[PDB]
Amino acid sequence: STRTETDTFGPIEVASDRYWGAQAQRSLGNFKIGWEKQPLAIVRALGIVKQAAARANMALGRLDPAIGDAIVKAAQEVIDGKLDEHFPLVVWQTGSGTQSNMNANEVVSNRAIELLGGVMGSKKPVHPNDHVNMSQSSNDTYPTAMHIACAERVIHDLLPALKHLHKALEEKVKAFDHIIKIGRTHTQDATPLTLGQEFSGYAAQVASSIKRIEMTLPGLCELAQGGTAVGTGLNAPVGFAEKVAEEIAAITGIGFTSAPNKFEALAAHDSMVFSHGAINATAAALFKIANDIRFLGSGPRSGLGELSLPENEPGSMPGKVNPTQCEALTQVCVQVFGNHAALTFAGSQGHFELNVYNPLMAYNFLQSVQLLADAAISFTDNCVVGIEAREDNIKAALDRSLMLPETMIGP
Amino acid sequence: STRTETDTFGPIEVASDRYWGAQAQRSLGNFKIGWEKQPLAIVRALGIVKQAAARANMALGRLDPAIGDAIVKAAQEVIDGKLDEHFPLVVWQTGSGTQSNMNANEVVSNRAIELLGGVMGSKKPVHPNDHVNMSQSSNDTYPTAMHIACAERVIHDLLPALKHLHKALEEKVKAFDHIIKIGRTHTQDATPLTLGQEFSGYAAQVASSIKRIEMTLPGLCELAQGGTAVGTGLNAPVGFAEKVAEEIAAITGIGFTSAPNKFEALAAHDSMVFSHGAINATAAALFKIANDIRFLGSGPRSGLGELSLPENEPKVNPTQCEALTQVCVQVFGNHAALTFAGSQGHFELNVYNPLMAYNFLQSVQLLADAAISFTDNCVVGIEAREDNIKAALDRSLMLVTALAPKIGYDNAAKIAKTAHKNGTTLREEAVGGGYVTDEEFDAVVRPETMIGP
Amino acid sequence: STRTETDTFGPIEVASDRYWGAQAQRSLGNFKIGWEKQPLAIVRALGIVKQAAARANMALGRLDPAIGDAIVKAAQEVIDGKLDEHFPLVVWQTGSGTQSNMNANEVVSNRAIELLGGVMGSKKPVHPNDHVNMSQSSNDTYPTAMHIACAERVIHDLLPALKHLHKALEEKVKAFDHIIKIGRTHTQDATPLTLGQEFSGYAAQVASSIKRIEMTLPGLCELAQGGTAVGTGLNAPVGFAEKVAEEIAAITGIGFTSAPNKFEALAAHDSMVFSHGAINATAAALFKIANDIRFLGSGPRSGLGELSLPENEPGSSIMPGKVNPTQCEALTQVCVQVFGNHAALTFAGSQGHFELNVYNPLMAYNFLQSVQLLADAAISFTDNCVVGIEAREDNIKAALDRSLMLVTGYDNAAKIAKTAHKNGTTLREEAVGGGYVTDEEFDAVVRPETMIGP
Amino acid sequence: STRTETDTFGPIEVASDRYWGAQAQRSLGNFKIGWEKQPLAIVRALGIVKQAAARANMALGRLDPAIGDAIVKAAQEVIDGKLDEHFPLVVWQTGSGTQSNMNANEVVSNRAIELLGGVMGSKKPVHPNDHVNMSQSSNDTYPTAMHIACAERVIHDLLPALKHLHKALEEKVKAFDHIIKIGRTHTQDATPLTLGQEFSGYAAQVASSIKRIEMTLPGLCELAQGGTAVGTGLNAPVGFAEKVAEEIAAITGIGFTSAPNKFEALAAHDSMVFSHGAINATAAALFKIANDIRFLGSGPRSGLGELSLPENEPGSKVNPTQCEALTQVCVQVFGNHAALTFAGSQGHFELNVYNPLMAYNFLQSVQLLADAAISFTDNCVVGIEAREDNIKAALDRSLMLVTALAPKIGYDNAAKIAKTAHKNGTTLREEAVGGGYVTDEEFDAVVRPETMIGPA
């Protein structure tokens with residue numbers, strides 16, 4: 001059961017229960033590459049831009065409110081994640097993200113047609129290019145969607161995750177502050193510090209990571225939208241760039257702004273390279289914390305034996321508790337280091353007016369953010385909060401140390 | 001509706017619909033991290049190990065044929081892709097791959113039980129640990145499945161994909177052999193070469209990439225199975241290591257062997273770092289090829305204008321070039337992750353296995369799929385813009401050297417500078433300056449004699 | 001001839017005309033690895049720490065001014081770079097930088113001794129450990145010196161080099177604002193923009209890079225000094241951490257502070273990873289700029305032919321066209337080197353163990369190499385390429401009139417396009433020669449200057 | 001004083017004691033970038049190419065013996081490392097390596113002129129371009145020199161350094177083969193193995209790395225020389241490509257060959273990406289080995305305490321400083337590999353113009369790994385001693401060996417022994433004998449670590 005959809009290349013059959021159009025159907029056949037569909041955060045962001053564009057185009061007298069209001073309602077369904085199944089395209093597509101931009105135009109158009117009681121696939125009364133794509137190019141819409149999605153996930157997922165981790169580490173600083181243990185430098189026995197003090201290092205690394213990320217957000221919140229095809233703003237109304245950013249800001253509740261220079265915003269994504277550097281630095285910090293905890297929990301008898309980590313999956317030898325949350329997190333952090341290398345290389349590869357590595361950069365950034373937010377929460381809830389000190393082992397080691405104690409942990 | 005499954009922690013409910021057990025159900029909650037499930041190639045290879053172990057275990061008299069035969073059939077369904085929906089676990093789990101090993105044990109055990117008309121969840125008469133996992137450990141099974149999957153996907157997907165690309169390139173070598181063009185070095189106009197010669201470079205890069213990959217296969221084909229928990233082989237029967245590798249080889253049609261040192265095989269995965277090194281080098285070659293083609297197709301008026309690339313989407317954007325180059329950069333990133341994970345083994349065991357399996361297999365899948373798509377949707381349909389190329393050939397200043405024999409260096413130089421200043425051709429400055437007749441110009445300046453030694 | 005020097009391990013011979021002592025001499029023999037000695041910027045920074053520590057120790061009455069004043073003068077010579085030949089140790093040493101710290105203690109001690117008329121090698125009256133290293137550890141001094149060195153080179157070398165390039169780019173924006181050219185998207189012909197607008201993108205990328213770098217400096221300027229061995233501050237006087245940071249700030253003219261958590265400052269160097277992330281992002285920006293200019297200057301006849309780049313290397317008389325974009329090549333090579341350095345530095349940054357990260361020299365070396373190369377290459381690409389760039393106006397205009405992009409009367413706009421495309425002619429030759437519109441109607445309609453803004 | 005050297009741009013002064021010419025002198029001011037000069041292995045290799053080219057040109061009758069014999073002797077001094085101070089140019093120059101090729105031409109020409117009693121700077125009777133650079137282009141010469149240098153250093157430095165390390169690891173396999181220790185998986189206590197078995201893993205990692213590197217050498221030994229400017233071989237005599245490769249092979253004693261496709265050899269250096277992938281893999285192996293030894297040596301009292309590593313410097317306790325040097329070096333190689341790979345991707349049309357960058361990173365990787373492998377071997381591995389009393393004492397304290405009682409006393413009674421030992425902080429013996437599950441003699445009869453270290 002199909003309907004026939006058309007574009008400048010000709011007609012193509014689309015499953016009747018699907019909202020997408022000719023171009024999306026073509027891209028399914030042309031880009032059979034890999035496992036990865038466009039991140040759902042990008043799908044949502046494309047919804048935000050189509051909705052904000054409609055609102056700005058109406059306010060600037062370019063769009064019939066009969067058409068515009070239907071676009072707005074249809075795009076809300078994309079925003080709310082109700083139409084996720086109508087985005088079947090892979091990451092590994094045209095480097096400007098044109099196929100997914102057109103996927104969003106077609107879906108918003110067909111759903112709006114349906115809401116107005118029109119015939120799906122006919123492009124009437126809501127046209128995918130003339131109305132949904134009005135005042136925009138793929139060249140400026142996809143990079144805008146990237147920044148929105150990246151900022152949103154950092155602000156709503158990653159930063160709360162890290163604060164949650166920080167709070168748990170601070171609880172441990174307070175609980176472990178009276179526990180005096182032996183320091184290790186070069187892995188060799190050294191002078192004493194409290195377990196609370198050691199944990200205060202971990203906490204400080206996490207707080208610092210939070211601040212580093214936050215500092216990079218203003219860059220991320222500058223949007224390409226309104227630069228159109230090459231950055232000149234040609235074929236956009238005067239004032240569109242500013243207005244559509246205000247509309248985007250109002251939808252998201254995040255202080256998005258129009259980029260001061262559209263040529264810079266199209267030809268390069270240096271803000272994402274720098275923001276991803278803060279996430280890269282966060283991964284190095286979390287790696288170290290997780291690796292330390294791993295080793296401090298080693299044993300029960302031939303290890304360092306300072307920590308008792310919660311046992312999350314079933315045992316049988318007695319006392320043998322694998323630090324599996326440390327393992328999940330350290331694996332995630334290394335993934336991020338790899339993502340950062342790809343993201344950086346892609347960022348260097350812009351040509352003239354346009355960087356055509358957009359889907360790759362969005363996919364790497366969003367994966368890093370998802371992985372680190374998820375693993376930070378999991379490591380916190382399933383490891384950190386339940387960590388106990390093995391005080392007898394810590395005492396018994398200190399009393400059998402060569403290194404020498406309440407008078408040895410101060411300036 | 002749910003079935004009660006049990007482990008040493010206690011009972012937990014599993015959808016009656018599902019073949020997995022207590023460990024897998026627990027891991028769903030414990031590792032709520034990311035988008036990525038275990039690659040289906042890893043699921044298949046785990047099926048392969050469990051099938052091969054059951055056969056090895058039966059031939060060594062350790063496993064009763066009533067249990068073993070059911071295991072073999074249940075495992076065959078995993079191998080064949082029929083039970084993919086029964087592996088719901090993420091990549092980002094315990095670093096030995098234990099949870100996915102357990103997932104495989106439970107799925108095979110339950111399906112085996114059902115084949116025997118027993119009660120699922122009861123571990124009778126096919127026990128997930130005692131029978132499906134017999135003579136093995138998570139530590140030696142998951143890295144074995146890693147190597148099987150990596151070698152299988154390279155042999156069946158990547159290698160044929162590159163050969164397909166190589167053939168399509170060699171065809172263009174022959175078709176474009178007669179087309180003389182201006183070379184570019186440092187992006188500046190240079191001495192000539194044929195479009196065929198230029199494409200012979202691309203082909204040779206692909207052909208060399210294949211040989212580099214093939215060379216790393218023997219190392220991938222060495223399997224950790226039989227090292228058990230720490231490499232010693234404790235709790236595996238004498239001969240199990242060798243037998244199970246033979247069984248795997250028979251299942252796959254590929255020359256898998258038992259690794260000569262099981263400690264090296266558990267504590268590190270250097271052969272995967274090396275293989276992916278060949279994949280990384282192939283990504284660099286493919287990137288350069290796609291980037292060249294991208295620029296050679298630039299235009300139609302203000303670019304290089306040498307190639308006409310097929311238009312697939314509704315002035316032709318080189319979208320297949322863009323897909324392939326993005327894929328190659330992804331591989332560069334994957335290689336850094338895989339290398340670092342490789343360095344991070346501790347004592348008897350490397351606990352970055354799922355991360356390494358995921359990266360290696362993603363690279364292989366992307367490179368293979370993009371190579372095929374680049375071949376079919378770009379390379380085969382490439383046309384030379386012969387009028388553009390010839391026009392440029394005639395407007396070039398590079399051919400001045402051919403006049404030097406007959407007219408001397410200083411005169412040729414004077415032709416070139418005047419042509420450069422005036423915006424004119426060499427023929428216009430040579431013939432119109434009296435240095436040579438039009439008959440002699442055509443006799444001296446022969447591009448066909450400047451593309452060889 | 002050689003002077004006998006002594007540590008807890010035994011006696012060892014040191015060349016008589018050298019100021020280093022027993023631990024330096026041992027490390028020379030023990031670490032025969034690589035081409036790279038410690039960056040001179042680190043040597044300087046070690047001198048700074050020794051000078052500052054002496055002044056901080058005197059102000060807290062732990063060090064006798066007779067000894068202290070000689071240390072200051074000796075350290076000054078290290079700071080001024082007068083004693084660089086007395087630091088023969090490689091980067092590829094102990095991971096805390098212990099041996100370079102000791103190299104600094106031994107050089108400043110022997111020089112101060114020689115300044116007080118004493119006997120070199122005798123540790124009197126200036127002891128390398130008890131006086132020069134007083135109140136400090138290698139674990140807090142080397143990381144302190146790393147941060148001083150990195151911050152000094154970013155502030156004095158890289159940022160001025162970037163401002164210099166930005167200024168030169170802004171002059172080209174003004175000069176090229178009138179020149180309308182064809183845009184390129186996916187490398188395909190696209191709608192018009194001016195060469196000035198294109199260059200304003202480059203200028204904005206550099207300015208943004210400058211801002212990203214500056215924003216990371218406060219983190220770099222937090223110092224580990226005072227944490228001593230494991231971070232607790234043991235064996236350093238109360239108030240030493242604050243005071244020595246104040247002394248370091250006075251010496252360098254830069255607002256260095258004492259790190260609020262010494263455990264974080266010794267066990268990890270996350271703020272270097274973050275700062276180097278700004279440098280990494282700068283290298284990606286510079287890479288794209290240089291690469292664009294390389295392609296825009298390509299030709300003279302079979303390239304893009306938009307820019308004429310200064311020829312800095314001799315050509316042939318028979319090759320009046322060819323100008324290799326060699327400054328572009330130096331810069332792009334440097335940028336790619338920075339991408340590698342960033343990967344190493346990040347990985348090293350993840351590899352701390354318990355109270356101490358022991359990849360310090362690796363990270364110092366990579367960071368400082370990145371700063372040196374980017375600053376140098378930015379200077380050289382500016383003076384030797386950017387300032388001398390000329391637009392090939394006739395070429396750009398000829399390209400603009402041979403273009404098929406200005407088609408956007410009737411609607412054989414597509415048919416004029418497709419015929420010109422088919423025939424290899426111009427839009428004029430088919431729109432006027434085909435009888436669709438006159439020359440004056442063509443010229444009143446097809447206007448690029450109306451197509452470069454909203 | 002100075003000598004006037006001239007190119008097409010005009011005259012330039014060169015220090016009288018220096019053999020380089022006009023282009024080398026201009027390159028000093030044009031590329032004031034970085035600390036790094038062209039590696040000396042590249043200088044040597046440029047010497048090799050110039051000597052090989054002279055011999056090849058003479059043999060083909062295109063170069064006068066009076067001129068070439070002088071080039072040959074002058075180039076020999078470059079090859080021997082006698083003229084190193086006359087190559088002052090940085091890595092960070094033109095991407096084809098032109099400036100360094102020119103440097104070699106000028107140095108060879110001026111020294112040759114001198115040997116013939118001519119005037120230095122005159123280009124007579126030996127001309128840097130007409131004679132020393134005959135049949136060559138900078139596009140095909142510098143990458144030939146690059147491959148020569150990389151292969152030479154791998155073959156003479158890195159491979160022997162790795163065999164040296166392997167040899168010292170095998171000594172330790174034999175020494176430690178009697179010593180049974182507790183395994184560690186996930187860093188947790190696990191079943192036993194010998195310290196010899198553990199070192200057998202390290203030794204097999206090193207042997208495997210050796211084979212991986214060797215396998216990539218044929219690729220590295222294929223040379224671009226003869227491709228000239230763009231790959232076609234125009235301006236080179238028929239058979240120059242083959243002959244010059246032969247001459248290079250004869251100078252080096254290494255099986256260099258002429259690359260079967262010159263366009264591939266000029267536009268890309270994928271062979272180097274692949275070989276450096278072998279070096280990258282080696283660094284990952286060596287990092288793991290050194291990191292393990294670091295941790296096994298940890299203590300002396302609150303670490304793992306398995307190994308006593310030689311004390312080279314103060315000190316405290318024994319800081320594992322050789323492990324730190326080697327691990328730092330290994331991470332450096334990971335970074336180099338990323339830069340090298342990306343450069344490899346960046347070729348444009350007929351020529352890759354990231355040559356010096358790739359050369360520099362490859363040779364630095366080789367130098368650092370060879371040096372660090374040797375130093376780690378000599379100053380750490382050979383002197384490593386097992387702390388047998390520590391290891392034995394942990395082996396007897398371990399809960400891991402309960403599994404040996406399981407066949408005799410059953411799987412539930414062994415666990416009861418283990419949990420009680422765990423809770424009480426007592427040994428397996430105290431709980432097994434002291435709970436009447438087994439006699440002292442039976443415990444020694446069944447709980448035998450030496451029977452749990454192999455197939456079962």
Side-chain angles (χ1 to χ4, degrees), chain B residues 181-190 291 294-306 309 315-319 321-322 332-333 336 339-340 343-344 385 387-389 391-398 400-401 403-404 409-421 423 425, chain C residues 181-190 192 291 293-306 309 315-316 318-326 328-329 339-340 342-344 346-347 350-351 394-396 398-407 417 420-421 423-424 426-427:
Chain B
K181 48 161 279 168
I182 293 290
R184 286 178 195 87
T185 66
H186 312 256
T187 74
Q188 297 285 117
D189 297 355
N291 203 243
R294 188 224 306 279
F295 277 89
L296 295 170
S298 61
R301 286 290 170 84
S302 292
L304 304 187
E306 298 194 11
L309 309 184
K315 174 162 169 132
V316 187
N317 291 343
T319 56
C321 289
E322 285 162 18
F332 303 150
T339 295
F340 205 53
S343 77
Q344 294 297 289
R385 290 163 58 68
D387 281 3
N388 260 27
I389 288 161
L393 191 57
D394 296 338
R395 293 211 58 85
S396 183
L397 307 177
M398 284 312 300
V400 280
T401 62
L403 288 166
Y409 184 83
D410 293 342
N411 279 332
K414 206 174 183 197
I415 306 269
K417 292 195 291 189
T418 315
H420 180 65
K421 183 190 68 158
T425 68
Chain C
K181 56 163 277 175
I182 299 282
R184 288 182 187 87
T185 56
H186 313 265
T187 70
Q188 294 295 104
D189 300 347
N291 199 244
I293 289 174
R294 188 223 303 279
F295 281 91
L296 292 174
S298 61
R301 301 231 177 139
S302 292
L304 296 187
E306 295 193 15
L309 311 184
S316 332
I318 40 100
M319 297 283 143
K322 226 192 193 278
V323 177
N324 289 337
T326 51
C328 288
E329 295 165 10
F339 304 150
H342 190 73
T346 295
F347 287 159
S350 82
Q351 292 294 291
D394 287 1
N395 230 47
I396 290 162
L400 186 68
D401 299 337
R402 157 146 185 87
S403 181
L404 302 157
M405 276 302 104
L406 310 163
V407 287
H421 187 47
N423 295 341
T426 65
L427 278 174

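Only heavy atoms go into these numbers, but all of them, side chains included; no hydrogens, no water, no symmetry mates. Chain A is the first sequence line, chain B the second, and so forth, proteins listed ahead of strands; every chain is numbered from 1.
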- Using the test ring-ring contact (aromatic ring centres under 6.0 Å, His included), find all partners of C/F295 that sit at least two apart in sequence or belong to another chain. B/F295, D/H348
- Message: Could you tell me if the side chain of B/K315 sits less than 4.5 Å from the side chain of C/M405, heavy atoms only?
- Response: yes
- Name the region of C/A399, side chain, backbone, both or neither, that has any atom closer than 4.5 Å to a heavy atom of chain B. both
- Message: Tell me if a side-chain donor or acceptor on B/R301 pairs with a main-chain N or O of C/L404 at a distance below 3.5 Å.
- Response: no
- By a 4.5 Å heavy-atom criterion (distance strictly below it), what part of B/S343 contacts chain C: side chain, backbone, both, or neither? neither
- Query: For B/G303 and C/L304, which heavy atoms make the closest approach, and how far apart are they?
  - Reply: CA-CD2, 3.9 Å
- Message: Is B/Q344 in contact with chain C via its backbone, its side chain, both, or neither, using a 4.5 Å heavy-atom distance?
- Response: side chain
- Note on the structure: By side-chain hydrogen bond (donor to acceptor under 3.5 Å, both in side chains), B/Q188 pairs with (sequence neighbours left out) none
- Pick from B/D387, B/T185, B/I415 with the largest number of heavy-atom pairs that fall under 4.5 Å of chain C: B/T185
- Message: A side-chain contact here means heavy atoms from C-beta on lying under 4.5 Å apart; do C/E329 and B/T187 qualify?
- Response: no
- Task: Count the heavy atoms of every other residue, nucleotide or ligand shown that sit under 6.0 Å from CG of C/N423, and state whether that count exceeds 12.
- Result: yes
- Task: For B/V400 and C/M319, run side-chain contact (heavy atoms from CB on, under 4.5 Å): C-alpha distance rounded to whole Å, both residues' side-chain angles, the deciding distance at 0.1 Å, then the answer.
- Result: CA-CA 8 Å; B/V400 280; C/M319 297 283 143; 4.1 Å; yes
- Task: Give, for atom NZ of C/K181 and atom OG of B/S302, the distance between the pair rounded to the nearest 0.5 Å.
- Result: 9.0 Å
- Look at B/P318, B/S396, B/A404 and state which one has the largest set of heavy-atom pairs under 4.5 Å with chain C. B/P318
- Item | B/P300 side chain near C/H421 side chain, heavy-atom distance below 4.5 Å | yes
- Task: Specify the closest pair of heavy atoms between C/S316 and B/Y409, including all atoms of both residues, with the distance to one decimal.
- Result: CB-OH, 3.6 Å
